[PDB]
Amino acid sequence: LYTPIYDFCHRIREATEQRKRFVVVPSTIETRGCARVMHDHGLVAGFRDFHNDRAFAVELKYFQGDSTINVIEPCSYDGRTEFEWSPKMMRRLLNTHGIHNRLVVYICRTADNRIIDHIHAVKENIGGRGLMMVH
Amino acid sequence: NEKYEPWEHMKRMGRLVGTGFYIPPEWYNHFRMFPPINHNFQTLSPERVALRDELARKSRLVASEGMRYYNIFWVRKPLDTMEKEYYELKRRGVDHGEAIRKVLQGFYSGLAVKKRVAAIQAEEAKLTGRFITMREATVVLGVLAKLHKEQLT
Amino acid sequence: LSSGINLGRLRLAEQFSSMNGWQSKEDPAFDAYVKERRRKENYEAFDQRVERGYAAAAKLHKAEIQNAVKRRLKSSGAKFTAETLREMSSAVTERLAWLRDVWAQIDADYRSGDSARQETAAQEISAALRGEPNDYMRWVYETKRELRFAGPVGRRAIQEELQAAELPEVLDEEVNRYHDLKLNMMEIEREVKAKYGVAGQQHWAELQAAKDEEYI
Amino acid sequence: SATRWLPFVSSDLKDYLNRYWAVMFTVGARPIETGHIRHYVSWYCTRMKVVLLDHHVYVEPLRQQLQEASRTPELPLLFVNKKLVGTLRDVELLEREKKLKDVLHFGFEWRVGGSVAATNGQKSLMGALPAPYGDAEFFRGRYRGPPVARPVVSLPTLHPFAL
Amino acid sequence: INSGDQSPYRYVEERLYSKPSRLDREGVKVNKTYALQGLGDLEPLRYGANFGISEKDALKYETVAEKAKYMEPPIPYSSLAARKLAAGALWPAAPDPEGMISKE
Amino acid sequence: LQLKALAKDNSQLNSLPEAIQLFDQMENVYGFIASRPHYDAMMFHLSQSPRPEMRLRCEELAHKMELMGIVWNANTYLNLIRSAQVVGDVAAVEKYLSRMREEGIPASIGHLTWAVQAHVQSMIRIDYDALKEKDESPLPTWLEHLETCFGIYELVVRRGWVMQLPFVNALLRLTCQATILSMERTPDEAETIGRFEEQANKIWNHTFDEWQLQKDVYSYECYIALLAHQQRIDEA
Amino acid sequence: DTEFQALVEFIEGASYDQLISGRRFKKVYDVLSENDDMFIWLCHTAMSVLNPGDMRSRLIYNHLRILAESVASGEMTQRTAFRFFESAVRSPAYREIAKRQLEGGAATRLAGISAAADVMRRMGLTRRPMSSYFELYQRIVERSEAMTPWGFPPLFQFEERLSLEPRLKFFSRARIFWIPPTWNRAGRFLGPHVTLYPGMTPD
């Protein structure tokens, strides 16, 4: 649609409701890194054709009838305005609503073009451009 | 509506049992071991055909409009002779259209020979007056019956 | 994947697909399995009325054990975990094995051929089918409460008398469920009118006089 | 939507059966027998494809293939669920035996023995159990049933195609 | 059936398919016995006991959209449905075709 | 192979829920039907967790295995004994050993090793506070648990079986755990701790060299735990 | 026995008031039809068309057996059980197994429903110990779920929606169905509160 992160969230959100096995999402630099972070946290069962620089398939994860991915939303909710997260924002996302948040995964892209979740960003005291959230 | 679903009902029963103040029925644990079934996550060779088409289209015109001969008998032997002469000329690989020309010339000569032997046998059967074909016997058995039907009326 | 397990499942489905492939004297492995299952069922089966009475008694005993676990968890206030479910299932399985061991005797008396044995077996079957509880369970509950509330000499005497008698493993919650039930007025009234005559009528009149006196 | 609309046509009978649920091949010179099947199928709310063989481009292929599926050369012919239903004598027989509902909706005919047309009140067995040793005729004091009436003369019909 | 100064067809129609009749079948305490009491396999399948439509559950909804939203799906099969399947009474028989005869 | 690797994976903490989710993904999403290797690799991993829900999952998996036309074998009874031994339930292990000889399946050595380990975990999970309320010593229960396993050790040398290393390791674990529990619960009974240490040193010094066995990481682990509970830091 | 008791009450009432009334026949029609044997016969005639050698059909068989045993125990209500049954029936695996049993010719569904009647006798899934065989005879000699070629009662609620769309002519093409209130004259007592059904007229 507007953004490859927006399309990457929209296709997974519309294919997890239809109970499909593979979602073909367009492969960019910030897309396959978000997919790798989601695969590390256990929200994605696997991938197909991951070395393709155009599009790759996400093999979704299901457990006892319903989908593992419940809510997946991009940071640019309108598709146009982007945001730059400070490390203060990453520490806010790690401790949100007065608890310790390792449940909801917030993903950013650093200045070194490495796609890093909100836990490892607080671990080395960095920020980045926020891409999407998923839990 | 998906709000009434066996997976949703099993999830509701599981989170009802997980409080510790609800006792599970037998079908809950028996459906954990046997889950409900889900609907999701589930002749002739053509060159010989073209050859027989071309040979039939070129032989129909020489037999129907060319020779004006409709009582030809046992056409399968000269047609398969046309096929085998075509394969004999395709062994050496001479041409395509000229092989059809020589095959049609041989087929025309064979049809002329068959017409001439049929005419010779018919002429010798008609000159002596001793031999009668089966069609003449059928036609006299019909026309004597019709003469007897004239006698009946 | 064409392996041994997959080809075995494929030829099993091919054998059991139609009717022709699995009848008698056709496949020796399936005939051996059916022969062993019929040999097992030849010794461990009952008469059909004995099976119905065993089913009714098994339903009653399973409900009583589940009610005992409910009473324990309601008194303690604890939660129902998988450990309590495992304990309840083991107790139900042990009680059903003991009920099979009991009803084997009733099936033996029902198929013996004697008039008195078949009459008592028919009485047991009719008492089980109507839903009437057994007197043996009442005696077991009474002697368990007596064993609970006795001193050490009486406890050792009861435990040495009944060590070889095949008693079922009865929880304390079953004895507490039996003991804390209120008694029926109509059954005691009928029993005091049957055991005693007009003196029973005068005694019940005095009892109702005390009842309507305590009402005022 | 994604494709421009186009009339379906085929030279083979198998492409008509695999496409539609209920196919009927009629002629324009037979309007009564066509309209009777139009009344029966639309009564059960079944989608139907009527193929008029008048002014068709594959009449001679289709007249040969309809002779192989149905041995009678009578039109119209009803085809439901890639099977042959038949002519008006076959459609009215299923309507009389109350079989036309499950033929048009679910594509099968009931193989249950016994007739359901001659029923009174509730439908039960009512003596359908097998009698010992047979001989239901030799008991002459049996229950013959209620007395039935028969007309002495045939009344004039409203239309010759009323039925 | 006692008529009572009415046509018997319309009287049986009002006693079978009206709203107080089916509400008396569900149990409302209507005036006096608006539905038929004793019916076997001649009872309509809409008002069966094992059916999935109950008007007492539907009286708390004031809109048809709330009835389409909140109510459970109806029970497909019942014993009366089995008797109507054995009798072939799930769909009425087709009448005489009035499309092409006349309008007399 | 993935479930076999996850059964022994100690790199992360989430090996058991990953194995549960992988089994669910294989059955529900991939559409594969679990055969005996899948059930064995899943029950061997579920038999290691002493939580009652995982034990219930192992029992339900064994019941679904026997219901789907897959008979129980020595590995299935071994996984059931492994699931019952970790909670200290000797009654369930004895019921499995009695059921195993009913169908003609012979008991191997490892069933007796995990029966000895069931005796170990039953000595572990005695509620000693209720015995302190009753003023009852837990000493005859420890002597019965020792006598039963030494009767098993006398049984395995009478049948002519080749002596295995985990059986002697289970006996050493039993004696060292009995010594640790005697030091923890009855510290004033020095002769009981002395007899338990004598049996432990007899197993550690002479029994391994009797059957020509070589000590391994578990045999050193049990003796190091014994020497660490005795605060003998230099010997450990 | 409550059914024989209700029959005794019916005979005593019909001898008392000397006519066949509507109250007593409705009472004994409610007593004689309280049994859940209909749904157990649905589950068992769905189990009959399966394959004893295929593992998928073994899963479907054990699922429907557990469903019928939970219905007969009273632990599961009828509506959620019907949802479970129609979810198990509408699956393409069960329909493919039913198609294979149709393509066989020497089908094992008759022995299936016979063993189903024997199981319903043995496990106590009936009201009388010999009523399951008469119910088997009723399923065989009448139009029922046993004579359907796929093993379920032929209603459209037990058939798939993508097969429901090209056959039937419903309200609009290209759940609970209602008449919209634009029809001010539909019937005599027909209105927006009167539901309609796709493949049957329950009126």
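Protein chains in written order, with PDB author numbering: chain CH, 148 to 282; chain Cb, 25 to 66, 86 to 196; chain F9, 10 to 225; chain Fa, 5 to 167; chain FJ, 53 to 156; chain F2, 317 to 552; chain DL, 82 to 255, 279 to 307. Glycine is no exception: its CB is placed at the ideal position from the N, C-alpha and C atoms.
Here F89 (chain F9) is buried: its Cβ has 16 or more other Cβ atoms, across all protein chains shown, within 10 Å.
The beta carbon of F89 (chain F9) sits closer than 8 Å to some beta carbon of chain Cb. Rounded to whole angstroms, the gap between the alpha carbons of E382 (chain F2) and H427 (chain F2) is 20 Å. As the crow flies, the alpha-carbon of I273 (chain CH) is around 16 Å from that of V252 (chain CH).
Contact of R98 (chain FJ) with chain Fa is not assigned, every C-beta pair being separated by 8 Å or more. Within chain CH, not a single residue places a beta-carbon under 9 Å from that of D325 (chain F2); the smallest gap is close to 15 Å. When Cβ-Cβ separations below 8 Å define contact, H43 (chain Fa) makes no contact with chain DL.
Here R168 (chain CH) is near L207 (chain CH), since their CB atoms are less than 8 Å apart. Cβ atoms of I263 (chain CH) and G275 (chain CH) come within 8 Å of each other, at about 7 Å. Excluding the 5 residues flanking it on each side, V152 (chain DL) has same chain C-beta neighbours closer than 8 Å at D117, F120, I121, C124, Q159, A162, in chain order.
For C181 (chain CH), there is no enclosing beta strand (DSSP E); the residue is part of the alpha helix (DSSP H) that begins and ends at 176–187.
What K380 (chain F2) touches in chain Cb, judged by beta-carbon distance under 8 Å, is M57, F58, going in chain order.
Neighbours of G189 (chain CH) in chain Cb, taken as residues at a C-beta separation under 7 Å, are lacking, since the least C-beta distance is about 19 Å. For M136 (chain DL), the C-beta contacts it makes with chain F2 under 7 Å involve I349, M384, in order along the chain. With fewer than 16 other Cβ atoms from the protein chains shown falling within 10 Å of its own Cβ, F174 (chain Cb) counts as exposed.
Going by beta carbons, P306 (chain DL) and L97 (chain FJ) fall inside the 8 Å limit. Here the stretch 115–129 of chain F9 makes no contact with the stretch 397–405 of chain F2; the two share fewer than three CB pairs at distances below 8 Å.
The stretch 178–235 of chain DL contains, as complete alpha helix (DSSP H) runs of 4+ residues, the segments 190–203, 212–222 (chain order). Using beta-carbon distances, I47 (chain Cb) does not count as an interface residue toward chain DL, since no partner is under 8 Å. With a minimum length of 4 residues, the unbroken runs of alpha helix (DSSP H) contained wholly in the stretch 225–259 of chain CH fall at 234–241.
One finds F65 in chain Cb with Cβ atoms closer than 7 Å to the Cβ of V345 (chain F2), taken in chain order. In the three-state reduction of the DSSP assignment, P221 (chain CH) falls in the strand class.
Taken in chain order, the complete alpha helix (DSSP H) segments of 4 residues or longer contained in the stretch 99–179 of chain DL are 104–112, 118–128, 136–154, 159–170. Going by DSSP, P247 (chain DL) is part of the alpha helix (DSSP H) stretching over 242–248.
Using beta-carbon distances, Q341 (chain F2) counts as an interface residue toward chain CH, with a partner under 8 Å. Look at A192 (chain CH) here: in three-state DSSP terms it is strand. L98 (chain Fa) carries a helical assignment under DSSP once its states are collapsed to helix, strand and coil. Using beta-carbon distances, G92 (chain FJ) counts as an interface residue toward chain DL, with a partner under 8 Å. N242 (chain CH) is positioned such that its CB atom lies no closer than 8 Å to that of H282 (chain CH).
Interface residue (Cβ-Cβ distance to chain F2 less than 8 Å): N25 (chain Cb) is not classified as such. Excluding the 5 residues flanking it on each side, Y119 (chain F9) has same chain C-beta neighbours closer than 8 Å at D56, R58, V59, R126, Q127, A130, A131, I134, in chain order.
Where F150 (chain Cb) is concerned, the enclosing alpha helix (DSSP H) starts and stops at 140–171. Here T508 (chain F2) is buried: its Cβ has 16 or more other Cβ atoms, across all protein chains shown, within 10 Å.
For the pair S365 (chain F2) and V406 (chain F2), the CB atoms are not nearer than the 8 Å cut-off. At least 8 Å separates the CB of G38 (chain Cb) from every CB of chain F9. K68 (chain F9) is outside the set of residues whose beta carbon lies under 8 Å from a beta carbon in chain Cb.
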